[PDB]
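Residue-level structure breakdown
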Amino acid sequence: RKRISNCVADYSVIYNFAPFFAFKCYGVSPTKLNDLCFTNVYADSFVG
Amino acid sequence: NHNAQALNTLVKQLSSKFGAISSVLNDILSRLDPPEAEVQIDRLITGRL
């Protein structure tokens with residue numbers, strides 16, 4: 001688990017990797033992400 | 001008293017989601033794609049009518 005805050009992200013270059021399995025981004029559509037603010041962002045990683 | 005109560009209830013009814021992400025048009029417009037914005041706006045319209 002990693003928490004990121006108090007920073008500005010490009011939100012457009014993170015696509016330079018390979019296409020992923022699925023984009024089930026509930027709520028905000030993952031194309032209108034550069035214009036709105038949030039409070040805090042988390043990132044959890046694991047390996048069905 | 002009745003004429004004030006009816007108008008107060010009508011005004012207060014504007015803060016109900018009726019089933020949606022949010023009860024404010026601007027946030028829905030600036031947060032989501034048009035295909036889902038249509039559904040949200042339709043839900044709000046059906047709520048208010």
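Residues numbered from 1 in each chain as written, not as in the entry; some residues may be left out. Chains lettered and ligands numbered in written order. Part of a larger assembly, values for the part shown. Heavy atoms only, no water.

Header annotation of the entry names cryo-EM as the structure determination method and lists the resolution as 3.22 Å.

For chain B, the PDB entry supplies the name Spike glycoprotein and the organism Severe acute respiratory syndrome coronavirus 2.

The name given to chain A in the PDB entry is Spike glycoprotein, and the organism recorded there is Severe acute respiratory syndrome coronavirus 2.

**Some points on the pattern of salt bridges**
Residues and elements named next belong to chain A. Using the following cut-off: In the sections that follow, a salt bridge refers to a side-chain nitrogen of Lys or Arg positioned within 4 Å of a carboxyl oxygen of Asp or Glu. Here a helix means four or more residues in a row that DSSP labels H or I, a strand means two or more in a row labelled E, and each is numbered from the N terminus.
For the structure on display, the rule yields one salt bridge over all chains. For the salt bridge of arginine 1 with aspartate 44, the shortest nitrogen-to-oxygen distance reads 3.6 Å. In this pair, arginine 1 is assigned in the segment before β1 (2-4) and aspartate 44 in the segment after β2 (41-43), connecting sequence segments 43 residues apart.

**Some remarks on the layout of surface pockets**
Residues and elements named next belong to chain A. Quick note on the threshold: Buriedness for pockets is judged along seven lines, at least five of which must meet protein on both sides within 12 Å for an open set on the 1 Å grid over protein atoms alone, while cavities are sets there where a 1.4 Å probe fits but cannot get out, and lining residues have an atom within 4 Å of a point. Grid points are joined across faces, edges and corners, and a volume is the space filled by probe spheres set on the points. Classification convention: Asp, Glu, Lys, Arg as charged; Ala, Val, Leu, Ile, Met, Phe, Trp, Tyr, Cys, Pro as nonpolar; all other residues, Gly among them, as polar.
Here the largest pocket is characterised by a volume of approximately 860 Å³. Taken together, 22 residues form the lining of the largest pocket, with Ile4, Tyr11, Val41, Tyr42 and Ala43 sitting closest to its centre. Per-element accounting of the lining of the largest pocket gives the leading share, three residues, to β2. Empty space within the second largest pocket amounts to approximately 370 Å³. If you trace the second largest pocket, you find it lined by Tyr11, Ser12, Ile14, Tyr15, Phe23, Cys25, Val28, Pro30, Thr31, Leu33, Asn34 and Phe38. Across the lining of the second largest pocket, the residue classes tally to nine nonpolar, three polar and no charged.

**Looking at helix α3 (residues 34-48) of chain B**
For an α-helix the count is 3.6 residues per turn, leaving residues at separations of three or four pointing the same way. All names here are of chain B. Defined as follows: Multiplying 1.5 Å by the residue count of a helix minus one yields the expected span of that helix. By definition, residues are in contact when any of their heavy atoms lie within 4.5 Å. Pairing of N or O atoms within 3.5 Å defines a polar contact, subject to two protein rules: one partner must be a possible hydrogen donor and the other a possible acceptor, and residues neighboring in sequence count only if both atoms are side-chain atoms.
Compared with the 21 Å implied by 1.5 Å per residue over 15 residues, the 21 Å span of α3 between its first and last C-alpha is a close match. Looking at the packing, one finds that the buried side of α3 touches α2 (25-31). Its side-chain oxygen 3.1 Å from the backbone nitrogen of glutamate 36, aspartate 33 forms the N-cap of α3.

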